[PDB]
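Data first, discussion second: the structure below is written as C-alpha cells.
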Amino acid sequence: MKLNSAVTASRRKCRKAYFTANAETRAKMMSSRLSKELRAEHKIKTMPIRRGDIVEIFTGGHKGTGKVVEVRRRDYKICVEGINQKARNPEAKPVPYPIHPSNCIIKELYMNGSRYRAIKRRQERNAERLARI
Amino acid sequence: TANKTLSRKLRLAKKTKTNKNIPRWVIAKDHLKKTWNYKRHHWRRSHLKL
Amino acid sequence: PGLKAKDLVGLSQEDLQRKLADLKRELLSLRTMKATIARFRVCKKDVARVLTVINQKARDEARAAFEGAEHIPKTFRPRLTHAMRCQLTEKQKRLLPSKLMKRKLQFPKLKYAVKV
Amino acid sequence: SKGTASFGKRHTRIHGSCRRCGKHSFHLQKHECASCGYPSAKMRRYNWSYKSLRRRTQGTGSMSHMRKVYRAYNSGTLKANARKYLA
Amino acid sequence: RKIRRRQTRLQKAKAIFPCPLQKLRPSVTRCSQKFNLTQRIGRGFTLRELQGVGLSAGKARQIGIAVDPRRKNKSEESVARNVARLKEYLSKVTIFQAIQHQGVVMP
RNA sequence: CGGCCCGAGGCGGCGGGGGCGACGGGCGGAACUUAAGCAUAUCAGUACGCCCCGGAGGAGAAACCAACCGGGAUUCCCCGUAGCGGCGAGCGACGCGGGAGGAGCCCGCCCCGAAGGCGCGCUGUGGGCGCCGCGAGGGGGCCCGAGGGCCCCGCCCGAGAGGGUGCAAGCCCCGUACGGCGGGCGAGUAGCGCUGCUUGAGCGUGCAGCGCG
RNA sequence: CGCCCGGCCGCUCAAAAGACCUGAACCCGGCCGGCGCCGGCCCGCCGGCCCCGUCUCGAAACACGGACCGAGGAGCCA
RNA sequence: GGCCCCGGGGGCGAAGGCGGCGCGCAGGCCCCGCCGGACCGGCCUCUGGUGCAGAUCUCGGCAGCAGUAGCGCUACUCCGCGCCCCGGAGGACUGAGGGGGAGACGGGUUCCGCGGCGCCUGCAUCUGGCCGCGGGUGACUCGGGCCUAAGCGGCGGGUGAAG
RNA sequence: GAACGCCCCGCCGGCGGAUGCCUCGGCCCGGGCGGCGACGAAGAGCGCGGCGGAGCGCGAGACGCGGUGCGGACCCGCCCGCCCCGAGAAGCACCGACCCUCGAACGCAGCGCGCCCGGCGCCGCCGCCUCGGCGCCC
Ligand SMILES: [K+]
Ligand SMILES: [K+]
Ligand SMILES: [K+]
Ligand SMILES: [K+]
Ligand SMILES: [K+]
Ligand SMILES: [K+]
Ligand SMILES: [K+]
Ligand SMILES: [K+]
Ligand SMILES: [K+]
Ligand SMILES: [K+]
Ligand SMILES: [K+]
Ligand SMILES: [K+]
Ligand SMILES: [K+]
Ligand SMILES: [K+]
Ligand SMILES: [K+]
Ligand SMILES: [K+]
Ligand SMILES: [K+]
Ligand SMILES: [K+]
Ligand SMILES: [K+]
Ligand SMILES: [K+]
Ligand SMILES: [K+]
Ligand SMILES: [K+]
Ligand SMILES: [K+]
Ligand SMILES: [K+]
Ligand SMILES: [K+]
Ligand SMILES: [K+]
Ligand SMILES: [K+]
Ligand SMILES: [K+]
Ligand SMILES: [K+]
Ligand SMILES: [K+]
Ligand SMILES: [Mg+2]
Ligand SMILES: [Mg+2]
Ligand SMILES: [Mg+2]
Ligand SMILES: [Mg+2]
Ligand SMILES: [Mg+2]
Ligand SMILES: [Mg+2]
Ligand SMILES: [Mg+2]
Ligand SMILES: [Mg+2]
Ligand SMILES: [Mg+2]
Ligand SMILES: [Mg+2]
Ligand SMILES: [Mg+2]
Ligand SMILES: [Mg+2]
Ligand SMILES: [Mg+2]
Ligand SMILES: [Mg+2]
Ligand SMILES: [Mg+2]
Ligand SMILES: [Mg+2]
Ligand SMILES: [Mg+2]
Ligand SMILES: [Mg+2]
Ligand SMILES: [Mg+2]
Ligand SMILES: [Mg+2]
Ligand SMILES: [Mg+2]
Ligand SMILES: [Mg+2]
Ligand SMILES: [Mg+2]
Ligand SMILES: [Mg+2]
Ligand SMILES: [Mg+2]
C-alpha cells in the first residue's frame with residue numbers, strides 16, 4: 001500500500017505519464033536486466049538499453065541474440081541485428097521486427113567514460129542503503 | 001481596387017502567401033493522414049474582409 | 001560547429017567589430033547562392049554568438065561607469081515587480097512613536113510556565 | 001424591388017480594420033470601433049455577454065511578460081530579491 | 001477545516017514554548033435573571049482586582065493575565081472571588097524541560 | 001530699491017493612468033413574476049451600468065447592551081420571534097447562552113518654543129514546504145501467431161498503490177514501503193421644522209436637501 | 001511472382017483486419033422456394049376480425065397527430 | 001459493499017450480432033450452431049440521470065414517387081486523325097446609348113507561360129476564371145501626401161452620482 | 001401463361017453506422033497559491049525553419065544566443081551533425097541578454113509629415129532658475 005500523497009494512483013494520470021514523458025524519463029523506462037555473469041561483476045541489477053549492446057531475447061516469437069542497431073524511443077522499442085520481418089523476395093532488404101527492451105536480457109555492455117562512472121555512482125548509493133539496512 | 005492603401009495591401013498579401021497545401025515531406029515526417037489544409041480559401045467563394 | 005562564445009571572450013572591440021563585418025557579408029554571399037547549404041545554418045548563429053558578446057562586454061563596462069552614482073539608469077536597477085518598488089521598507093514599517101517605543105522597553109517579553 | 005434588386009446597390013465599406021483589436025469593426029464614418037471601443041482609453045466589456053468576454057481576454061494571447069514573472073516568483077529567485085531590497 | 005485549525009495552534013504553541021496558548025481570564029456572573037447563580041469566563045481583570053494583589057496593568061500583562069480597564073465591579077463579592085483567583089495563579093507560575101499547559105487555564 | 005503676499009513660464013528627481021466571467025468596498029437601479037384581476041405591497045435594497053482597492057477586504061477598542069447576586073472593542077459559527085403588512089399575499093431583526101480567535105493605542109485642545117526631518121517652519125517643526133537518490137524477490141513442463149493461460153514445485157514482503165510489456169504478472173521493466181539535504185476632552189456641528197428615499201423599527205430604523213441652530 | 005489489356009491469380013499476416021474493430025435496422029441486387037392476424041386440421045380450405053393514440057354523452061369516421069428505421073426523450077432533488 | 005471449500009466463468013474463445021429448441025400466465029429467462037476477438041457474472045445488502053409507438057418530438061440514415069418533372073438573348077455546317085478546343089473555307093449575329101475599346105467602386109491573384117483532367121465546368125471536353133509548378137505591377141512631370149467645402153475634433157474651463 | 005409485386009425455404013452480395021468493448025477528455029469535491037503595468041502590461045498586427053501551410057514557440061541576435069549546474073547517445077522524412085575518461089545528441093532547472101509596428105501608448109498623424117540638430121506628450125508633489133501685479137509696505 002502506498003503512503004505518499006504527492007504520488008498519483010489514478011489510472012488516467014498514470015497512463016498520461018507513460019505517454020508524453022520527456023526524453024530522460026523514457027530512457028530510464030527502457031531498461032533491462034543484466035545477466036548473472038554481469039550481475040556478479042558490476043553488482044547492479046538493471047541497466048538502460050543502448051545502441052551497441054548484445055541481448056538475449058526470450059518470451060517472444062522472435063527469440064535470438066544480436067547487437068542493438070537502433071532505438072525507437074517514441075515506440076519504446078529497439079531494433080536488433082538479425083531479428084527481421086520474414087521477407088518476400090530472396091534478394092530484398094531486411095526489415096527489423098522491433099523488440100520491447102523488457103523482453104531482453106543484456107549479455108555484454110557498451111562502455112565509455114560516462115557508462116563506467118554512472119555504474120560507480122550507482123554502486124556507492126546502493127552501499128549507503130546496505131549500510132542503513 | 002487599383003487604388004489601395006499600403007496597410008490593406010500588406011494584409012491581403014499575407015492571405016495570398018499562406019494559402020498553400022501541406023508539403024509532402026511534412027506528411028512523411030509528422031506521420032499524417034489528414035492531408036488537406038482546411039484554412040485554405042478560394043477567391044470565388046470567399047469573403048476576406050480585409 | 002563554428003565560433004565558440006568562449007573564444008571571443010578576451011578579444012578587443014575592434015577584433016569583434018571586424019569579425020562581425022565578415023559574417024554579415026558572408027550571409028549575403030550564401031543567400032545569393034541559395035537563390036541562384038549546411039554552412040548557411042552555422043553562419044546565422046555565428047552572427048548571434050558575436051553580437052551576444054559585443055553586448056555583454058558593453059553592459060559590464062557601463063554598469064561600472066555608474067557603480068557609485070546616486071541616480072542609475074533604469075536598465076541597471078534591481079529586478080523587482082511594479083508593486084515591490086512601491087512598498088515601504090521593513091524598517092519604515094516597524095517605526096514607532098517616541099512615547100510608544102519607550103513603553104515597549106519597559107515591560108519586555110518573558111518566558112514562563114503555568115502548572116495544573 | 002426591396003429585395004434582390006436592392007442588394008445590387010451595395011458597393012461601400014461600412015467598417016474597416018481596427019488598429020487595436022484587429023477586427024473588421026472600425027466604423028469608417030464615425031471613427032469608432034464597435035468591438036473594443038477604440039479610440040476610448042478603456043476596453044469595451046459587458047457582463048451581459050460572457051461569451052464575448054471569453055473570446056478576447058487575458059490568456060487568449062501569448063502572456064509573454066506575465067508568464068516569466070510568475071515562474072520567477074513561484075520557483076526562481078524573485079522572493080529573495082525583495083528581501084535584499086526591502087531592508 | 002478541523003485539521004487546519006489544529007495545525008495552526010500546534011505551530012503557535014512551539015513558537016511560545018513554554019507559555020500556554022491562553023491568558024488567565026476572570027470569573028464573572030452570567031447576565032440575566034435566568035442565568036445568575038452560575039459563572040463563566042470573562043474578558044479581563046479590573047484595576048481594583050489588580051490593586052488587591054499588587055500588580056500594575058503593564059506588569060500583569062507581562063506574565064499572562066488579561067486586563068480589561070473598561071469593566072467595573074458591581075459588588076464586593078465580585079472582587080473577593082477574583083482576587084482569590086489572581087492570588088492562586090501567581091503561586092503556580094514560574095518565570096525564567098518545562099511543561100506547557102493545555103486548554104483554558106483554571107477552568 | 002528691496003521685503004512679504006498672490007500668481008506665471010521653464011528645468012531636475014520621483015509618483016499616477018491601463019488589464020481580470022471569483023471573493024471585497026462605494027454609487028445609480030429595473031421589469032418579468034406573486035397577490036389566482038390590479039394601483040400600496042412582492043420580486044429585490046436582485047439583474048445590469050459606472051467607479052475603487054487587496055491578498056484578503058470591510059469592520060473595530062462603546063456618546064454599547066442591559067435591568068441581573070449583570071456583562072464589556074471588531075469579525076465568523078451554532079441556537080430562536082418581537083414586529084411590519086390592501087393586518088391580504090407575503091416579509092422579518094436582536095440581546096442573553098455555547099464555541100473559533102483574541103491586543104491594544106493615537107492626534108487636537110493644554111505646557112515648553114526651534115531643542116526639529118533646518119533653501120522648510122513661529123499662520124508652530126520637535127519634546128511632554130521544496131530539492132536529491134538507492135530500491136528485494138521464478139523456475140520446469142504442455143500449448144499458442146504471441147504465455148501475463150494450464151499443470152507442478154518455490155522465493156520476497158516496512159514493498160500485494162498502481163502503470164508498461166505480443167493474452168489475467170508481488171518475483172520481465174518502471175514504480176511502491178524503509179531516508180538524506182536545504183531548514184482639559186472636536187460648531188454651520190448635534191438637534192429641531194418641512195419634504196424625498198430607506199428599515200422589522202411601529203406619532204420615525206438609517207440617510208439626505210433646504211430653513212433654523 | 002505471373003497472365004491478359006483496370007481485371008484475374010495469388011503474396012504479407014493468426015486473420016485482411018486492405019482503409020480499415022465489431023458491423024444491427026429501415027431499404028435494395030443475384031440464385032432457390034412459395035402466393036395480413038386468430039382458431040381447427042399439415043396446409044389451402046372453412047369460420048371469426050374496421051386504424052391505433054387522444055379529447056369526448058358518443059370515433060372506423062368526411063375530428064386531430066402519425067412514410068419508414070435506429071439512438072436520445074418527460075414526477076428527480078432541497 | 002460481500003460471498004462464490006485448495007478459492008467464481010474466460011484465446012481449449014468474454015461481451016455483442018444472426019438463426020434455432022426449451023422453461024414461465026406474463027414481464028422475461030436459459031441452452032445450442034455460426035459469427036466475433038477481450039472481458040463477464042448468479043445469490044444477499046446498498047444506490048439511481050433505471051424500461052417508449054406516438055409529443056406538426058430532436059439528431060442521423062433513408063424508400064416509393066422515378067429513369068419521372070425538368071435542361072430570354074435568330075445559327076451553325078464541311079474538311080483537317082477532329083471535341084462545344086485549334087486551323088482553313090463558307091453562312092450568320094451583336095449593330096458606335098455595341099455581346100466594341102477603357103476607367104471609378106467592389107473583388108484579391110481571378111493576370112502570364114508551361115503541364116493536366118481527380119473536383120468543378122447541371123450534356124461532353126483534349127476547353128477553362130478549375131488543379132499542379134514557375135513567374136509578373138519600375139514615375140521630378142499621372143494620381144495619393146498639400147488646400148479648403150458641407151462637416152468633425154480640440155480649447156484655461158463648465159456641468160453631471162459617474163461614464 | 002410469363003413478368004411485375006409480395007412472403008421467406010434457404011445460400012450469398014450491397015447501402016448505412018446502431019450495439020458491445022475501449023479512452024492522453026469532461027464534470028464534482030478538497031488543498032495550495034494569490035505572483036501584471038510608462039523598467040511599456042493584457043491584447044492585436046506583421047515577420048522568422050535547409051527543404052515549411054496550420055497550431056505551439058520565438059523577435060532582424062527571430063522554429064532561437066550566452067552562463068552555471070545536471071544528464072549521457074541520439075537527432076520522427078531526406079540530409080546534416082555528434083561519437084573517444086569528456087571530446088558531448090535528446091532532455092531538465094535556475095540566471096543574464098536580444099526584444100520590429102500598433103495598443104494606457106508619449107513630437108503631430110496612421111503609414112503620410114514637422115521643429116530642432118542631444119532631442120521634442122499630459123497631470124501631480126517637492127526643490128530650483130527667470131519673472132508679473134495702480135495686493136500690503138518701504
Ligand atoms: K491593381
Ligand atoms: K470574393
Ligand atoms: K427585387
Ligand atoms: K462604432
Ligand atoms: K432598484
Ligand atoms: K416587477
Ligand atoms: K399588471
Ligand atoms: K404587478
Ligand atoms: K402593504
Ligand atoms: K413594492
Ligand atoms: K389579497
Ligand atoms: K480562546
Ligand atoms: K516483458
Ligand atoms: K457654527
Ligand atoms: K444639519
Ligand atoms: K420596510
Ligand atoms: K404600525
Ligand atoms: K427651507
Ligand atoms: K385530442
Ligand atoms: K380540445
Ligand atoms: K361533448
Ligand atoms: K378511435
Ligand atoms: K363521419
Ligand atoms: K377513411
Ligand atoms: K373528437
Ligand atoms: K379540421
Ligand atoms: K387522422
Ligand atoms: K416525381
Ligand atoms: K492545358
Ligand atoms: K456633481
Ligand atoms: Mg506588479
Ligand atoms: Mg424594408
Ligand atoms: Mg454613411
Ligand atoms: Mg516636470
Ligand atoms: Mg423568475
Ligand atoms: Mg397577478
Ligand atoms: Mg395567474
Ligand atoms: Mg396581467
Ligand atoms: Mg426587504
Ligand atoms: Mg484593512
Ligand atoms: Mg421598504
Ligand atoms: Mg469493418
Ligand atoms: Mg378541453
Ligand atoms: Mg385541436
Ligand atoms: Mg399527417
Ligand atoms: Mg430509444
Ligand atoms: Mg448514473
Ligand atoms: Mg430519464
Ligand atoms: Mg421511436
Ligand atoms: Mg444585324
Ligand atoms: Mg488565364
Ligand atoms: Mg458536365
Ligand atoms: Mg501635377
Ligand atoms: Mg507556421
Ligand atoms: Mg508611438
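Residues in the C-alpha cells are numbered from 1 in each chain, the chains being A, B, ... in the order shown, and ligands are numbered from 1 in the order shown.
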
Original post:
Got a sec to pull out which chain C residues are within 10 Å of chain I, counting only C-alpha atoms (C1' of nucleotides), and send them as a PyMOL selection string?
Top reply: chain C and resi 1+5-6+34+37-41+44-53+55-56+59+73-83

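Proximity to chain C at a cut-off of 10 Å picks out residues 13, 15, 105, 106, 127 and 128 of chain F on chain F, counting only C-alpha atoms (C1' of nucleotides).
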
Atoms kept (N, CA and C atoms (P, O5', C5', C4', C3', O3' and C1' of nucleotides)) for selection, written as a PDB file, in the first residue's frame:
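As a result, result-v5.pdb now contains:
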```
ATOM      1  P     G F  13      16.210  63.744 -14.127  1.00  0.00           P
ATOM      2  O5'   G F  13      15.727  63.342 -12.668  1.00  0.00           O
ATOM      3  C5'   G F  13      16.603  62.758 -11.720  1.00  0.00           C
ATOM      4  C4'   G F  13      15.947  62.631 -10.371  1.00  0.00           C
ATOM      5  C3'   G F  13      14.738  61.714 -10.281  1.00  0.00           C
ATOM      6  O3'   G F  13      15.078  60.340 -10.158  1.00  0.00           O
ATOM      7  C1'   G F  13      14.239  63.764  -9.234  1.00  0.00           C
ATOM      8  P     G F  15       9.151  56.278  -9.014  1.00  0.00           P
ATOM      9  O5'   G F  15       7.605  56.623  -8.872  1.00  0.00           O
ATOM     10  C5'   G F  15       6.900  56.403  -7.662  1.00  0.00           C
ATOM     11  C4'   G F  15       5.620  57.196  -7.612  1.00  0.00           C
ATOM     12  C3'   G F  15       4.556  56.858  -8.639  1.00  0.00           C
ATOM     13  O3'   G F  15       3.818  55.691  -8.330  1.00  0.00           O
ATOM     14  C1'   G F  15       4.779  59.199  -8.475  1.00  0.00           C
ATOM     15  P     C F 105      -2.366  49.534  25.958  1.00  0.00           P
ATOM     16  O5'   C F 105      -2.015  50.471  24.719  1.00  0.00           O
ATOM     17  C5'   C F 105      -2.641  51.725  24.487  1.00  0.00           C
ATOM     18  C4'   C F 105      -2.240  52.246  23.128  1.00  0.00           C
ATOM     19  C3'   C F 105      -2.374  53.736  22.869  1.00  0.00           C
ATOM     20  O3'   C F 105      -1.351  54.529  23.443  1.00  0.00           O
ATOM     21  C1'   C F 105      -3.282  52.579  21.055  1.00  0.00           C
ATOM     22  P     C F 106      -1.628  56.069  23.804  1.00  0.00           P
ATOM     23  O5'   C F 106      -1.784  56.783  22.393  1.00  0.00           O
ATOM     24  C5'   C F 106      -0.669  56.964  21.539  1.00  0.00           C
ATOM     25  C4'   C F 106      -1.066  57.577  20.220  1.00  0.00           C
ATOM     26  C3'   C F 106      -1.414  59.050  20.247  1.00  0.00           C
ATOM     27  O3'   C F 106      -0.266  59.881  20.249  1.00  0.00           O
ATOM     28  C1'   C F 106      -3.038  57.877  18.998  1.00  0.00           C
ATOM     29  P     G F 127       8.997  64.254  18.501  1.00  0.00           P
ATOM     30  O5'   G F 127       9.156  64.761  20.005  1.00  0.00           O
ATOM     31  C5'   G F 127      10.204  64.292  20.842  1.00  0.00           C
ATOM     32  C4'   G F 127      10.274  65.031  22.160  1.00  0.00           C
ATOM     33  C3'   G F 127       9.175  64.756  23.170  1.00  0.00           C
ATOM     34  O3'   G F 127       9.293  63.519  23.845  1.00  0.00           O
ATOM     35  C1'   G F 127       9.547  67.069  23.066  1.00  0.00           C
ATOM     36  P     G F 128       7.991  62.605  24.085  1.00  0.00           P
ATOM     37  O5'   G F 128       7.304  63.212  25.391  1.00  0.00           O
ATOM     38  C5'   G F 128       8.073  63.612  26.513  1.00  0.00           C
ATOM     39  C4'   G F 128       7.288  64.461  27.489  1.00  0.00           C
ATOM     40  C3'   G F 128       5.885  63.999  27.837  1.00  0.00           C
ATOM     41  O3'   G F 128       5.851  62.923  28.759  1.00  0.00           O
ATOM     42  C1'   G F 128       5.872  66.326  27.444  1.00  0.00           C
TER      43        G F 128
END
```

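The space separating atom CA of residue A:133 from atom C1' of residue F:133 comes to 15.7 Å.
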
Residues within 10 Å of stretch 1-16 of chain B, only C-alpha atoms (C1' of nucleotides), excluding chain neighbours under 4 positions, as a PDB file with N, CA, C and O atoms (P, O5', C5', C4', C3', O3' and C1' of nucleotides), in the first residue's frame:
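To be explicit, this is the file written out as selection_37.pdb:
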```pdb
ATOM      1  N   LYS B  20      -1.826  27.626 -48.988  1.00  0.00           N
ATOM      2  CA  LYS B  20      -0.959  26.581 -49.524  1.00  0.00           C
ATOM      3  C   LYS B  20      -1.323  25.219 -48.955  1.00  0.00           C
ATOM      4  O   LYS B  20      -1.980  25.110 -47.924  1.00  0.00           O
ATOM      5  N   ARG B  40      -7.365  26.899 -46.103  1.00  0.00           N
ATOM      6  CA  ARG B  40      -7.274  27.469 -47.434  1.00  0.00           C
ATOM      7  C   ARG B  40      -8.571  28.181 -47.802  1.00  0.00           C
ATOM      8  O   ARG B  40      -9.611  27.998 -47.171  1.00  0.00           O
ATOM      9  N   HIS B  41      -8.496  28.998 -48.848  1.00  0.00           N
ATOM     10  CA  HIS B  41      -9.655  29.718 -49.347  1.00  0.00           C
ATOM     11  C   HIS B  41      -9.518  29.880 -50.853  1.00  0.00           C
ATOM     12  O   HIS B  41      -8.425  29.778 -51.406  1.00  0.00           O
ATOM     13  N   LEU B  48     -13.046  37.414 -47.638  1.00  0.00           N
ATOM     14  CA  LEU B  48     -11.985  38.128 -46.945  1.00  0.00           C
ATOM     15  C   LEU B  48     -12.458  39.541 -46.656  1.00  0.00           C
ATOM     16  O   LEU B  48     -12.768  40.293 -47.582  1.00  0.00           O
ATOM     17  N   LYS B  49     -12.567  39.908 -45.394  1.00  0.00           N
ATOM     18  CA  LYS B  49     -12.989  41.260 -45.046  1.00  0.00           C
ATOM     19  C   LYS B  49     -11.781  42.105 -44.658  1.00  0.00           C
ATOM     20  O   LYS B  49     -11.660  42.610 -43.549  1.00  0.00           O
ATOM     21  N   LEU B  50     -10.868  42.233 -45.612  1.00  0.00           N
ATOM     22  CA  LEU B  50      -9.594  42.904 -45.390  1.00  0.00           C
ATOM     23  C   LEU B  50      -9.294  43.914 -46.500  1.00  0.00           C
ATOM     24  O   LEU B  50     -10.082  44.104 -47.425  1.00  0.00           O
TER      25      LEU B  50
ATOM     26  N   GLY D  16     -14.013  48.922 -41.269  1.00  0.00           N
ATOM     27  CA  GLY D  16     -12.675  48.528 -41.664  1.00  0.00           C
ATOM     28  C   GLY D  16     -11.898  47.864 -40.545  1.00  0.00           C
ATOM     29  O   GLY D  16     -12.487  47.459 -39.548  1.00  0.00           O
ATOM     30  N   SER D  17     -10.584  47.738 -40.686  1.00  0.00           N
ATOM     31  CA  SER D  17      -9.767  47.070 -39.679  1.00  0.00           C
ATOM     32  C   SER D  17      -9.442  48.002 -38.523  1.00  0.00           C
ATOM     33  O   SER D  17      -9.028  49.142 -38.735  1.00  0.00           O
TER      34      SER D  17
ATOM     35  P     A H 104      -9.194  53.025 -61.965  1.00  0.00           P
ATOM     36  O5'   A H 104     -10.543  53.672 -61.409  1.00  0.00           O
ATOM     37  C5'   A H 104     -10.573  54.958 -60.813  1.00  0.00           C
ATOM     38  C4'   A H 104     -11.954  55.318 -60.307  1.00  0.00           C
ATOM     39  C3'   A H 104     -12.488  54.535 -59.121  1.00  0.00           C
ATOM     40  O3'   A H 104     -11.964  54.967 -57.880  1.00  0.00           O
ATOM     41  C1'   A H 104     -14.173  54.698 -60.758  1.00  0.00           C
ATOM     42  P     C H 105     -11.399  53.912 -56.815  1.00  0.00           P
ATOM     43  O5'   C H 105     -12.662  53.092 -56.301  1.00  0.00           O
ATOM     44  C5'   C H 105     -13.509  53.574 -55.273  1.00  0.00           C
ATOM     45  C4'   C H 105     -14.842  52.864 -55.269  1.00  0.00           C
ATOM     46  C3'   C H 105     -14.889  51.456 -54.685  1.00  0.00           C
ATOM     47  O3'   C H 105     -14.964  51.428 -53.270  1.00  0.00           O
ATOM     48  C1'   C H 105     -16.055  51.498 -56.739  1.00  0.00           C
ATOM     49  P     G H 106     -14.039  50.440 -52.414  1.00  0.00           P
ATOM     50  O5'   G H 106     -14.581  48.977 -52.730  1.00  0.00           O
ATOM     51  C5'   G H 106     -15.758  48.449 -52.135  1.00  0.00           C
ATOM     52  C4'   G H 106     -16.270  47.246 -52.889  1.00  0.00           C
ATOM     53  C3'   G H 106     -15.402  46.001 -52.857  1.00  0.00           C
ATOM     54  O3'   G H 106     -15.512  45.245 -51.662  1.00  0.00           O
ATOM     55  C1'   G H 106     -16.044  46.423 -55.075  1.00  0.00           C
ATOM     56  P     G H 107     -14.248  44.434 -51.097  1.00  0.00           P
ATOM     57  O5'   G H 107     -13.954  43.317 -52.186  1.00  0.00           O
ATOM     58  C5'   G H 107     -14.859  42.255 -52.427  1.00  0.00           C
ATOM     59  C4'   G H 107     -14.413  41.406 -53.587  1.00  0.00           C
ATOM     60  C3'   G H 107     -13.089  40.686 -53.425  1.00  0.00           C
ATOM     61  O3'   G H 107     -13.211  39.507 -52.654  1.00  0.00           O
ATOM     62  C1'   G H 107     -13.230  41.648 -55.591  1.00  0.00           C
ATOM     63  P     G H 108     -12.194  39.166 -51.461  1.00  0.00           P
ATOM     64  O5'   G H 108     -10.802  38.883 -52.176  1.00  0.00           O
ATOM     65  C5'   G H 108     -10.697  37.944 -53.235  1.00  0.00           C
ATOM     66  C4'   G H 108      -9.411  38.071 -54.017  1.00  0.00           C
ATOM     67  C3'   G H 108      -8.114  37.839 -53.238  1.00  0.00           C
ATOM     68  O3'   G H 108      -7.192  37.164 -54.090  1.00  0.00           O
ATOM     69  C1'   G H 108      -7.998  39.891 -54.340  1.00  0.00           C
ATOM     70  P     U H 109      -6.689  35.688 -53.753  1.00  0.00           P
ATOM     71  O5'   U H 109      -6.066  35.142 -55.108  1.00  0.00           O
ATOM     72  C5'   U H 109      -6.721  35.285 -56.361  1.00  0.00           C
ATOM     73  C4'   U H 109      -5.732  35.374 -57.489  1.00  0.00           C
ATOM     74  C3'   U H 109      -4.393  34.684 -57.240  1.00  0.00           C
ATOM     75  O3'   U H 109      -3.939  34.046 -58.435  1.00  0.00           O
ATOM     76  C1'   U H 109      -4.036  36.975 -57.734  1.00  0.00           C
ATOM     77  P     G H 143      -2.070  64.584 -61.835  1.00  0.00           P
ATOM     78  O5'   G H 143      -2.591  63.623 -60.680  1.00  0.00           O
ATOM     79  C5'   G H 143      -3.915  63.117 -60.685  1.00  0.00           C
ATOM     80  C4'   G H 143      -4.083  61.904 -59.807  1.00  0.00           C
ATOM     81  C3'   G H 143      -3.872  62.086 -58.312  1.00  0.00           C
ATOM     82  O3'   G H 143      -4.989  62.668 -57.659  1.00  0.00           O
ATOM     83  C1'   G H 143      -2.769  60.131 -59.028  1.00  0.00           C
ATOM     84  P     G H 144      -4.836  63.621 -56.369  1.00  0.00           P
ATOM     85  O5'   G H 144      -4.283  62.679 -55.217  1.00  0.00           O
ATOM     86  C5'   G H 144      -5.103  61.688 -54.620  1.00  0.00           C
ATOM     87  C4'   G H 144      -4.338  60.790 -53.684  1.00  0.00           C
ATOM     88  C3'   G H 144      -3.690  61.437 -52.475  1.00  0.00           C
ATOM     89  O3'   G H 144      -4.589  61.725 -51.424  1.00  0.00           O
ATOM     90  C1'   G H 144      -2.167  59.953 -53.477  1.00  0.00           C
TER      91        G H 144
ATOM     92  P     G I  45      -4.280  39.555 -34.985  1.00  0.00           P
ATOM     93  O5'   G I  45      -3.287  40.538 -35.746  1.00  0.00           O
ATOM     94  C5'   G I  45      -3.730  41.425 -36.758  1.00  0.00           C
ATOM     95  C4'   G I  45      -2.606  42.315 -37.231  1.00  0.00           C
ATOM     96  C3'   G I  45      -1.519  41.678 -38.086  1.00  0.00           C
ATOM     97  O3'   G I  45      -1.890  41.501 -39.440  1.00  0.00           O
ATOM     98  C1'   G I  45      -0.533  43.089 -36.469  1.00  0.00           C
ATOM     99  P     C I  46      -1.549  40.145 -40.224  1.00  0.00           P
ATOM    100  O5'   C I  46       0.012  40.211 -40.519  1.00  0.00           O
ATOM    101  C5'   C I  46       0.541  41.078 -41.508  1.00  0.00           C
ATOM    102  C4'   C I  46       1.957  41.500 -41.203  1.00  0.00           C
ATOM    103  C3'   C I  46       3.039  40.450 -41.356  1.00  0.00           C
ATOM    104  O3'   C I  46       3.432  40.227 -42.696  1.00  0.00           O
ATOM    105  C1'   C I  46       3.366  41.602 -39.336  1.00  0.00           C
ATOM    106  P     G I 110      -5.099  59.555 -38.074  1.00  0.00           P
ATOM    107  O5'   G I 110      -4.305  58.448 -38.899  1.00  0.00           O
ATOM    108  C5'   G I 110      -4.148  58.532 -40.316  1.00  0.00           C
ATOM    109  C4'   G I 110      -3.083  57.587 -40.818  1.00  0.00           C
ATOM    110  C3'   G I 110      -3.475  56.112 -40.830  1.00  0.00           C
ATOM    111  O3'   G I 110      -2.709  55.420 -41.815  1.00  0.00           O
ATOM    112  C1'   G I 110      -1.669  56.424 -39.358  1.00  0.00           C
ATOM    113  P     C I 111      -3.106  55.374 -43.370  1.00  0.00           P
ATOM    114  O5'   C I 111      -1.713  55.621 -44.092  1.00  0.00           O
ATOM    115  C5'   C I 111      -0.980  56.820 -43.858  1.00  0.00           C
ATOM    116  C4'   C I 111       0.511  56.617 -43.948  1.00  0.00           C
ATOM    117  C3'   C I 111       0.993  55.687 -45.053  1.00  0.00           C
ATOM    118  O3'   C I 111       2.268  56.144 -45.488  1.00  0.00           O
ATOM    119  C1'   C I 111       1.712  54.858 -42.982  1.00  0.00           C
TER     120        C I 111
END
```

Subject >> Within 7 Å of ligand 14, counting only C-alpha atoms (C1' of nucleotides) and all ligand atoms, residues as a ChimeraX atom specification >> reply: /F:187-189

Subject >> Backbone-only DSSP, alpha helix (DSSP H) members of chain C, as JSON, numbers by chain >> reply: {"C": [13, 14, 15, 16, 17, 18, 19, 20, 21, 22, 23, 24, 25, 26, 27, 28, 29, 30, 31, 32, 33, 34, 35, 39, 40, 41, 42, 43, 44, 45, 46, 47, 48, 49, 50, 51, 52, 53, 54, 55, 56, 57, 58, 59, 60, 61, 62, 63, 64, 65, 82, 83, 84, 85, 90, 91, 92, 93, 98, 99, 100, 101]}

**OP:** Please provide as a list in words all residues within 12 Å of residue A:39, with the sequence filter that same-chain residues fewer than 2 positions apart are discarded (counting only C-alpha atoms (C1' of nucleotides)).
**Re:**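 That gives residues 33, 34, 35, 36, 37, 41, 42, 43, 44, 45, 46, 47, 105, 106, 107, 108, 109, 119 and 123 of chain A.
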
**OP:** Tell me which protein, DNA and RNA residues are within 10 Å of stretch 21-28 of chain I, counting only C-alpha atoms (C1' of nucleotides), leaving out same-chain ones fewer than 2 positions away, and put them as an MDAnalysis selection string.
**Re:** (chainID A and resid 12:20) or (chainID G and resid 21:22) or (chainID H and resid 15:16 38:39)

**OP:** Produce as a list in words the set of residues near ligand 4, where near means within 10 Å with only C-alpha atoms (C1' of nucleotides) and all ligand atoms considered.
**Re:**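 Within the 10 Å cut-off, the matching residues are residues 14, 15, 25, 26, 27, 28, 29, 30, 31, 32, 33, 34, 35, 36, 37 and 38 of chain D.
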